[PDB]
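The file query.pdb comes next; it holds PDB, C-alpha atoms.
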MODEL        1
ATOM      1  CA  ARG Y   1    -204.204   8.500  -1.216
ATOM      2  CA  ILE Y   2    -206.133   8.600   2.065
ATOM      3  CA  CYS Y   3    -206.590  12.097   3.468
ATOM      4  CA  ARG Y   4    -206.788  12.911   7.178
ATOM      5  CA  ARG Y   5    -208.843  15.981   7.950
ATOM      6  CA  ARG Y   6    -209.773  17.386  11.394
ATOM      7  CA  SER Y   7    -213.342  16.292  12.179
ATOM      8  CA  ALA Y   8    -215.643  19.254  11.495
ATOM      9  CA  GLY Y   9    -218.719  19.178  13.738
ATOM     10  CA  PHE Y  10    -217.359  16.727  16.384
ATOM     11  CA  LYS Y  11    -218.373  17.582  19.944
ATOM     12  CA  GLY Y  12    -215.162  18.285  21.788
ATOM     13  CA  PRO Y  13    -212.861  15.410  22.857
ATOM     14  CA  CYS Y  14    -212.873  11.874  21.431
ATOM     15  CA  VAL Y  15    -214.115   9.910  24.425
ATOM     16  CA  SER Y  16    -216.447   8.027  22.012
ATOM     17  CA  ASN Y  17    -214.557   6.697  18.979
ATOM     18  CA  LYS Y  18    -217.924   5.435  17.644
ATOM     19  CA  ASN Y  19    -219.288   9.005  17.479
ATOM     20  CA  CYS Y  20    -216.190  10.211  15.586
ATOM     21  CA  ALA Y  21    -216.755   7.461  12.956
ATOM     22  CA  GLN Y  22    -220.356   8.770  12.698
ATOM     23  CA  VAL Y  23    -219.353  12.506  12.537
ATOM     24  CA  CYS Y  24    -216.936  11.572   9.711
ATOM     25  CA  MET Y  25    -219.613   9.590   7.788
ATOM     26  CA  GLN Y  26    -222.074  12.443   8.556
ATOM     27  CA  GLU Y  27    -219.469  14.782   6.892
ATOM     28  CA  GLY Y  28    -219.105  12.461   3.822
ATOM     29  CA  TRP Y  29    -215.848  10.776   5.005
ATOM     30  CA  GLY Y  30    -215.071   7.036   5.064
ATOM     31  CA  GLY Y  31    -213.965   6.480   8.670
ATOM     32  CA  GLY Y  32    -212.855   8.561  11.661
ATOM     33  CA  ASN Y  33    -209.618   8.528  13.621
ATOM     34  CA  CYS Y  34    -208.812   9.935  17.071
ATOM     35  CA  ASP Y  35    -205.592  11.879  17.155
ATOM     36  CA  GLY Y  36    -202.639  12.707  19.417
ATOM     37  CA  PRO Y  37    -203.912  12.653  23.078
ATOM     38  CA  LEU Y  38    -207.342  11.432  21.703
ATOM     39  CA  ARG Y  39    -208.871  14.785  22.840
ATOM     40  CA  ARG Y  40    -209.108  15.840  19.154
ATOM     41  CA  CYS Y  41    -210.617  13.882  16.275
ATOM     42  CA  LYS Y  42    -209.800  13.358  12.602
ATOM     43  CA  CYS Y  43    -211.709  11.953   9.625
ATOM     44  CA  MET Y  44    -210.231   9.775   6.881
ATOM     45  CA  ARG Y  45    -211.334   9.065   3.312
ATOM     46  CA  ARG Y  46    -209.861   8.529  -0.148
ATOM     47  CA  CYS Y  47    -208.592  11.556  -2.035
TER      48      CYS Y  47
ENDMDL
END
Please express the file's structure as structure tokens.
Amino acid sequence: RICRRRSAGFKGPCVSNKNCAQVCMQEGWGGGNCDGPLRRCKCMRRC
């Protein structure tokens, strides 16, 4: 399975998708995903 976890350490709203991918990798997570109204970010990796 791939787990989606709210991006811990991301600076506010997901205006930059690129920086959410980084914050997720920074966290030890595969990629990052911007959720709902984009104004909150998630991280995705295998679990």
What is the atom CA of residue Y:45-atom CA of residue Y:29 distance in Å, reported with one decimal?
5.1 Å
Point (-221.5, 8.9, 14.1), cut-off 12 Å, counting only C-alpha atoms, residues as a list in words
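Applying the cut-off with only C-alpha atoms, one gets residues 7, 9, 10, 11, 14, 16, 17, 18, 19, 20, 21, 22, 23, 24, 25, 26, 27, 28, 29, 30, 31, 32, 33 and 43 of chain Y.
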Grab the residues selected above and save them as a JSON list (two decimals), in the coordinates of the input with C-alpha atoms.
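Result went into part_34.json, see below:
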[["chain", "number", "residue", "atom", "x", "y", "z"],
["Y", 7, "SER", "CA", -213.34, 16.29, 12.18],
["Y", 9, "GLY", "CA", -218.72, 19.18, 13.74],
["Y", 10, "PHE", "CA", -217.36, 16.73, 16.38],
["Y", 11, "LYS", "CA", -218.37, 17.58, 19.94],
["Y", 14, "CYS", "CA", -212.87, 11.87, 21.43],
["Y", 16, "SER", "CA", -216.45, 8.03, 22.01],
["Y", 17, "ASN", "CA", -214.56, 6.70, 18.98],
["Y", 18, "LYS", "CA", -217.92, 5.44, 17.64],
["Y", 19, "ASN", "CA", -219.29, 9.01, 17.48],
["Y", 20, "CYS", "CA", -216.19, 10.21, 15.59],
["Y", 21, "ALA", "CA", -216.76, 7.46, 12.96],
["Y", 22, "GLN", "CA", -220.36, 8.77, 12.70],
["Y", 23, "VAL", "CA", -219.35, 12.51, 12.54],
["Y", 24, "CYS", "CA", -216.94, 11.57, 9.71],
["Y", 25, "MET", "CA", -219.61, 9.59, 7.79],
["Y", 26, "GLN", "CA", -222.07, 12.44, 8.56],
["Y", 27, "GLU", "CA", -219.47, 14.78, 6.89],
["Y", 28, "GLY", "CA", -219.10, 12.46, 3.82],
["Y", 29, "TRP", "CA", -215.85, 10.78, 5.00],
["Y", 30, "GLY", "CA", -215.07, 7.04, 5.06],
["Y", 31, "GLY", "CA", -213.96, 6.48, 8.67],
["Y", 32, "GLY", "CA", -212.86, 8.56, 11.66],
["Y", 33, "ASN", "CA", -209.62, 8.53, 13.62],
["Y", 43, "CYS", "CA", -211.71, 11.95, 9.62]]
One number please: atom CA of residue Y:41 to atom CA of residue Y:1, in Å, one decimal.
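If I compute the distance from atom CA of residue Y:41 to atom CA of residue Y:1, I get 19.4 Å.
Coordinates place atom CA of residue Y:3 at a distance of 19.7 Å from atom CA of residue Y:39.
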Edge lengths and centre, in Å to one decimal, as JSON: that's what I need for the box along x, y and z that holds all listed atoms of stretch 17-28 of chain Y plus 6 Å on each side.
{"center_x": -218.3, "center_y": 10.1, "center_z": 11.4, "size_x": 19.5, "size_y": 21.3, "size_z": 27.2}
Selection under test: the PyMOL selection byres ((chain Y and resi 5) around 6); residues as a PyMOL selection string
chain Y and resi 4+6+42-43
Distance query residue Y:38 at most 8 Å, only C-alpha atoms, self and fewer than 4 positions along chain excluded, as a CSV table (one decimal) with C-alpha atoms, in the frame of the given file:
chain,number,residue,atom,x,y,z
Y,13,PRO,CA,-212.9,15.4,22.9
Y,14,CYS,CA,-212.9,11.9,21.4
Y,15,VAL,CA,-214.1,9.9,24.4
Y,34,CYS,CA,-208.8,9.9,17.1
